[PDB]
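Below is one structure, written out as structure tokens, with a few remarks after it.
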Ligand SMILES: Nc1ncnc2c1ncn2[C@@H]1O[C@H](COP(=O)(O)OP(=O)(O)OP(=O)(O)O)[C@@H](O)[C@H]1O
Ligand SMILES: Nc1ncnc2c1ncn2[C@@H]1O[C@H](COP(=O)(O)OP(=O)(O)OP(=O)(O)O)[C@@H](O)[C@H]1O
Ligand SMILES: [Mg+2]
């Protein structure tokens with residue numbers, strides 16, 4: 003099982019890299035802006051760490067002083083799971099105001115990308131969110147598996163109720 | 002295919018309206034409720079079916095509360111069921127239309143658009159305000175007999191009433207005064223003056247409207268048996293709303309005073325037009341000899357505002373142009389005007405098709421036009 | 001508003017006493033007022049209608065005697081209707097007489113609210129005048145009610161006239 | 002073993018800012034407003050608040066000897082509050098021209114001037130101008146080239162430290178001509194001029210603060226790379242005699258200091274105060290102050349800046365710490 | 006002591022004061050006194066027809082202004098109208114008839130023995146300690162600008178921009194309406210103004226603005242209306258002040274706040290630009306937005322090194338565009354006048370006191 | 017490069033491109054023995070990219086072809102520099118899971134994080150700008 | 001609901017309400033059903049004469069015989085529009101015990117009744133072929149191959165839809181067409197049509213007909229049709245009708261069950277999509293609750 007080692011590794015690296023501090027943009031005055039979107043910010047950004055357990059799934063763990071980013075590529079082999087996760091991430095990022103953390107336009111080449119700032123780290127605990135990330139990932143995986151398993155029942159029921167009428 | 006007959010559906014509390022354009026009577030009417038109950071978790075009645083199967087409907091809760099959509103998981107089910115098993119309509123054949131109470135929030139409007147667009151994979155969405163939909167129905171009268179979006183929409187419901195003026199089509203909800211008094215007040219009044235189903239049957243069978251009780255009583259001494281006697285209750289019923297003190301002294305502010313305050317709160321420049329013509333929404337405050345009663349009350353209350361102001365200020369203001377027009381059948385007139393508004397060739401020039409959504413998402417779902 | 005206005009009192013001249021004024025009318029018993037110029041419309045007849053219309057009202061703007069007399073008439077009519085609501089004609093007339101031509105002195109008795117009855121009390125210089133006026137007015141109103149409400153039956157008044165006496169002026173019914 | 006719990010303070014503390022007698026502490030609330038409390042039976046209580054600020058206040062300080070209070074924010078300027086004899090706190094502004102927002106402020110030992118952590122490429126210092134009511138401005142462009150994060154004032158009117166953003170640890174000096182304080186010579190620099198620099202110590206990453214032994218020598222500093230470094234300079238042109246870099250295994254820390262002449266204590270992101278000895282030819286970690294390492341530890345959040353205790357200038361054997369969720373604690377040893 | 010008659014609002018305070026004392030707007034009501054004034058016209062404006070006599074540097078309600086000044090001298094100052102002196106200043110480039118009428122009034126109505134009518138821009142520039150320079154006086158309705166040199170402003174370089182706070186608020190409400198909401202132009206003109214200065218900040222980054230607005234949520238905020246409804250504002254917070262830099266968007270063909278300033282600067286000789294470059298400041302609407310100094314500095318640098326003659330950035334440090342950002346830019350001219358009136362008080366060389374009160378001859382130019 | 021980066025130009029040894037090959041050869045010939058040579062010298066951050074990629078691939082292959090019976094022995098028997106270097110190497114090798122399996126890499130990362138400390142990951146995160 | 005109704009609920013309710021009512025009022029409604037059709041329920045002149053209101061393809065083929073034989077003399081002028089009007093009166097009824105319900109059901113199923121005429125000729129041809137190849141089982145293949153490609157008819161009930169049918173020996177097969185305008189709907193239809201053919205393996209339902217699938221490789225015999233050829237956004241499914249199901253004893257229910265095959269699939273797909281949306285909303289609510297609880 004290569005799932006628990008990867009989960010432990012991502013949890014540990016996230017807990018180690020989660021360090022948000024207040025910083026004023028040295029370019030523009032009296033406007034707190036990010037450090038991964040505006041300008042370049044060469045001497046502030048850290049090395050983007052990445053962890054992977056397979057070829058179709060990975061997560062880019064980027065770090066900064068006040069612009070830490072995080073993204074994961076959900077596993078997908080068939081078109082069913084592909085379109086399922088596509089629609090799920092679309093509907094989840096559409097109403098980004100609910101969580102106040104998710105983004106609207108994820109980075110190119112990825113499915114979903116989160117976003118955390120100093121305010122988000124102070125309004126909530128650290129280990130709580132660290133565990134909630136893994137819990138949400140596992141719950142999304144299980145829900146996708148169920149939906150894949152939930153369509154067969156409806157399909158066979160429709161088949162049996164449409165062929166038994168005669 | 003961009004030319005078929007559109008569909009108008011004004012879903013709200015209690016009874017929900019739904020049908021087609023180019024008509025005068027509703028095709029279906031029933032209360033908004035579903036008889037919700068391993069697998070096969072989709073067997074639940076709707077409308078009259080649920081009202082009859084309540085025996086085993088297992089707590090047929092209501093899916094709508096205070097007009098605003100609160101249970102989307104059940105609202106979508108109700109919508110799809112009413113569209114498939116009670117309308118037999120093809121979604122990929124013509125345009126659609128949704129309902130939204132006054133001041134509907136962008137969040138809820140976008141949620142409704144997204145749940146009614148991607149779920150059924152339709153093509154064409156359109157949402158408007160109840161005020162404009164009700165005002166467009168009064169165009170059939172000989173007063174306007176044209177397109178003139180200027181006036182006020184006083185929605186008097188069964189539970190509560192409200193008013194939402196419109197300034198040249200744009201409803202300005204900055205100053206509004208709602209009247210909690212509704213049909214329930216008159217129902218309780220009638221029930222108390224005779225010491234649910236029987237009360238409603240007695241209230242929806244005979245209801246007079248008199249200028250004043252002092253004259254109603256004088257004319258009464260100079266009557267009907269159904270269902280068990282009647283009397284001055286028919287004369288006192290309507291006054292319960294005109295003079296709240298008769299029914300409930302809590303909201304002493306009467307209807308004429310509320311209308312005057314609402315029309316005077318806005319700038320006078322636009323109020324001079326708003327006070328010209330007004331239309332009532334729904335068919336609750338539609339009693340025999342009712343509209344003219346409110347017109348007389350307003351033209352009598354405006355005395356101390358016009359005649360006295362002319363002498364106080366010293367300027368002849370010939371603003372005698374108020375003329376209230378009452379609908380003939382407003383019980384389901386919320387879509388009567390919508391049908392005429394959608395039958396215009398330019399109805400499709402202010403909508404969004406699949407090409408305007410597939411490459412834009414749920415962003416363009418709030419800004420509309422006439 | 002739907003209240004019953006006085007339409008008789010003014011601010012020019014009237015035989016007021018304490019907190020109310022005088023209203024000459026036609027009556028059989030002794031009265032303090034004098035004969036009016038014409039009997040086209042007496043005040044005792046309009047008071048009955050005012051009370052019948054205001055029985056289901058909240059209150060009325062007390063403006064001198066115009067409102068005090070109307071409130072007194074409405075209260076008297078309500079009391080008469082409650083005492084002869086569904087009783088025999090003989091007992092009803094007996095109670096009406098015992099309430100109109102009784103020994104009731106000037107207003108200001110205990111138990112009942114003194115503010116709603118008569119705010120400014122003026123017993124001296126008008127005691128007998130006010131007493132005889134009240135007696136005559138009560139007798140006339142009681143007789144007029146017994147003659148009008150009484151239908152063609154064997155002294156049976158209108159059912160609604162006695163069944164619509166649930167409320168009173170200012171909620172002074174229970 | 003030893004612990005203490007005060008007002009939960011459901012706001013980002015980031016500071017302690019004790020008073021002269023250490024009875025009226027001030028703390029920020031991520032807003033222009035300020036929260037002040039007074040001593041009460043087994044706890045504090047709300048006493049007064051400050052206003053007139055535009056953006057969130059970041060750093061404040063109060064010299065115990067003078068009983069003054071100075072504040073700064075990201076509003077292009079800083080304010081100073083004075084104790085009014087009527088029973089309140091006065092407010093006064095200082096005229097200083099800057100290009101970016103400030104991040105940190107530190108008072109002077111002898112209470113004659115102060116430094117501000119300007120986010121621009123220059124550092125400013127102000128003082129009381131004679132025959133005037135406002136405080137003159139100041140700026141330096143030669144030594145510094147990037148923004149600064151932390152600041153520290155050596156026990157003197159010279160050799161003002163400065164924590165630059167880059168991996169280098171810069172150090173400046175402020176010697177005003179009007180100020181009669183003579184710049185006595187030391188090991189850092191003899192007869193140093195107005196503007197000068199001692200050495201740019203390359204750190205193992207970021208920098209959060211700089212330490213100072215109670216005597217004055219044995220400079221130190223920490224960073225985000227979970228490591229602390231010391232220094233023993235012998236001359237402004239010679240290299241350090243002993244440059245030992247110890248890397249702790251736990252999470253990094255910030256806002257270090259020198260508890261004793263040899264022992265050093267500090268805290269930060271890690272949920273446990275560290276305790277280690279110090280020598281000129283040796284170094285090693287002994288243990289942590291926590292005795293329990338939802339969570340087993342006491343502080344279940346990030347630790348904020350750490351200030352020392354009154355004690356004695358030579359040794360204090362005590363300090364106080366807090367976090368982003370308040371819950372200030374007054375440790376010992 | 007003195008005051009500053011403004012178009013929209015007006016201030017008043019003692020001379021050499023640390024901060025202003027009174028602040029009242031030029032919006033008189035009409036119904049509680051006979052005619053609302055200041056507080057009586059603002060707090061009770063719900064049942065009174067408001068009116069703004071001062072507008073566009075001119076006036077139309079003479080009795081209204083008279084009552085305003087009477088109430089001011091009565092309550093706001095608590096000093097005798099004739100046993101005291103004042104020093105006012107109208108907007109720049111104003112007509113001479115208004116000044117003559119103000120002098121005649123101050124002389125023959127209140128009995129003032131000594132007054133003074135100077136230029137507000139001159140006082141705003143002197144408050145910062147500078148005798149020669151420029152000032153961006155973005156008024157409430159018109160943004161007037163004029164240079165200063167040798168204690169006198171150059172009338173040739175005088176101008177006025179069509180942009181102002183009114184157009185800004187109009188575009189803000191229009192964007193809030195077209196964004197999905199259904200508001201009115203006059204439904205609530207105070208909540209929009211309170212939200213603008215509270216959540217809007219000018220930024221000269223158009224490529225990054227929409228990017229951060231459509232790719233992040235940190236820009237989103239939560240504002241509370243007066244009734245209780247929770248309203249949201251997104252990318253419409255930074256686009257509001259953009260109308261100042263793009264007059265064409267408000268329906269007025271104009272170069273811009275920076276383009277016009279440049280065209281006026283390089284319009285004069287090079288001998289004055291050397292000192293005018295190090296005096297680029299603003300006092301009013303053009304000095305209160307967040308991020309305006311950096312934006313205008315970048316615009317000036319761009320139009321400097323890419324407008325006249327430049328092919329490479331080999332001499333970008335030769336020209337220094339000094340753009341000072343005074344925190345008290347709103348009361349800059351007020352403080353300047355308050356500090357200047359004290360130097361001319363004891364001075365007996367002012368040909369106004371004892372001459373512009375009752376001793377009026379046939380010449381009134383030296384005023 | 018100019019700031020926040022200690023090494024700037026090391027053409028003296030970078031242009032040679034021989035020490036890395038010599039170290040990789042001994043490790044390959046030997047393949053608790055790999056880390057001795059593979060970690061004795063880290064790829065010097067410079068303008069050389071092919072040699073660095075080859076050394077990284079060789080180190081990843083050596084780590085994969087190692088005895089995974091009792092890793093704790095070598096995990097505990099190593100200096101701070103060695104553990105930091107191997108952690109950084111594992112982090113840089115886990116970026117391309119197509120060529121390598123990454124399972125052994127993730128296992129070694131988890132073991133060194135749960136056996137040594139919870140600060141090695143944070144220390145390796147702040148590495149050189151181009152090294 | 002697991003089976004779509006074949007009778008219009010609106011008409012089935014209006015007729016049964018007007019038959020028992022005693023105050024018929026004016027009606028000016030315009031109801032539309034599936035397959036792109038429109039109805040017109042209104043009275044031309046009087047208030048009681050209820051005048052209830058792709059077609060040329062069936063007119064040129066011949067379908068009015070069965071409609072007339074089933075409806076009697078209730079036909080009326082073409083009434084330009086739907087092209088099939090009917091005159092009904094609520095005063096000259098023959099009885100009210102069950103004739104009212106029968107007439108209501110007939111007027112409601114008029115759609116299928118009109119769309120069921122092409123099946124009578126197919127039934128007749130199949131019976132004739134079975135009678136021809138009854139005593140001589142041999143020689144049937146070539147005769148059947150020669151008795152096709154000429155009698156098969158194509159129905160055009162939509163701008164893009166198309167259904168064809170041709171007779172066989174001892175059985176009869178049909179084929180449908182569909183046009184999916186989305187990838188998720190395409191995948192749903194694919195999995196549904198796969199489960200359909202996979203379900204027949206069960207012995208309890210082995211007696212059901214055989215169903216095949218063809219996405220991009222349509223039958224070569226039907227490829228000669230002038231309709232749409234093989235396409236990427238198209239899917240054809242073939243069915244078979246045996247004699248046991250095609251027997252006249254039970255030939256009235258199978259036709260109505262098959263006439264709603266194109267809509268049942270889309271209805272079930274949309275129901276599944278609604279269930280997916282509901283589950284997603286539930287998960288989002290759970291995540292929001294967890295996030296709100298994460299606060300201190
Ligand atoms: N002619 C009439 N005169 C008086 N009352 C009537 C008349 N017609 C209907 N009503 C009553 O008016 C009330 C409101 O009817 P209406 O159809 O307007 O409700 P509604 O707006 O759909 O209600 P809700 O807002 O609760 O959904 C009901 O009690 C109804 O029976
Ligand atoms: N917080 C704020 N930030 C920026 N602008 C603001 C703020 N509050 C108000 N404003 C705008 O400031 C303008 C008025 O500025 P001010 O009162 O200084 O003008 P003024 O000096 O009276 O003008 P004039 O010289 O034209 O008479 C209006 O556009 C107003 O909406
Ligand atoms: Mg309604």
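Residue numbers (the entry's author numbering), protein chains in the order written: chain F, 3 to 168; chain A, 2 to 38, 68 to 225, 234 to 260, 266 to 270, 280 to 422; chain E, 1 to 174; chain C, 2 to 294, 338 to 377; chain B, 6 to 36, 49 to 384; chain G, 17 to 47, 53 to 152; chain D, 1 to 53, 58 to 300.
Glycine included, every Cβ here is placed at the ideal spot set by N, Cα and C.
- For residue 111 (chain A), the uninterrupted alpha helix (DSSP H) run begins and ends at 102-114, by DSSP.
- By the 16-neighbour rule on beta-carbons within 10 angstroms, residue 128 (chain F) is buried.
- In chain order, 33, 112 place their CB closer than 7 angstroms to the CB of residue 8 (chain D), counting only its own chain and leaving out the 5 sequence neighbours on each side.
- Secondary structure note for residue 125 (chain A): it is in no beta strand (DSSP E), with a DSSP letter that is neither H nor E.
- By the Cβ-count criterion, residue 111 (chain A) is buried, with 16 or more other Cβ atoms from all chains shown falling within 10 Å of its own Cβ.
- DSSP, reduced to helix, strand and coil, places residue 286 (chain C) within a strand of the structure shown.
- In this structure the region 239-253 of chain C lies against the region 132-144 of chain G, because at least three pairs of beta carbons, one per stretch, are closer than 8 angstroms.
- In its chain, beyond the 5 residues on either side, 338 have a beta carbon closer than 6 angstroms to the beta carbon of residue 294 (chain B).
- From the beta-carbon of residue 163 (chain F), the residues of chain D found nearer than 9 angstroms are 2, 3.
- With contacts defined by Cβ atoms closer than 9 angstroms, residue 217 (chain D) and residue 177 (chain D) do not form a contacting pair.
- In the three-state scheme derived from DSSP, where H, G and I count as helix and E and B as strand, residue 56 (chain E) is classed as coil.
- Leaving aside the five residues that flank residue 63 (chain G) on each side, the residues in its chain whose CB is nearer than 7 angstroms to its CB run, in chain order, 106.
- Near chain B, meaning a CB-to-CB distance below 9 angstroms, the residues of the region 68-81 of chain C are 76, 77, 78.
- In the structure shown, residue 69 (chain A) falls within a coil segment according to DSSP collapsed to helix, strand and coil.
- Using a C-beta cut-off of 8 angstroms, the region 96-107 of chain B makes contact with the region 124-136 of chain B, since at least three inter-stretch Cβ pairs fall below that distance.
- In this structure, C:150 is the residue among C:150, C:184, C:90, C:133 with its C-alpha nearest to the C-alpha of residue 107 (chain C).
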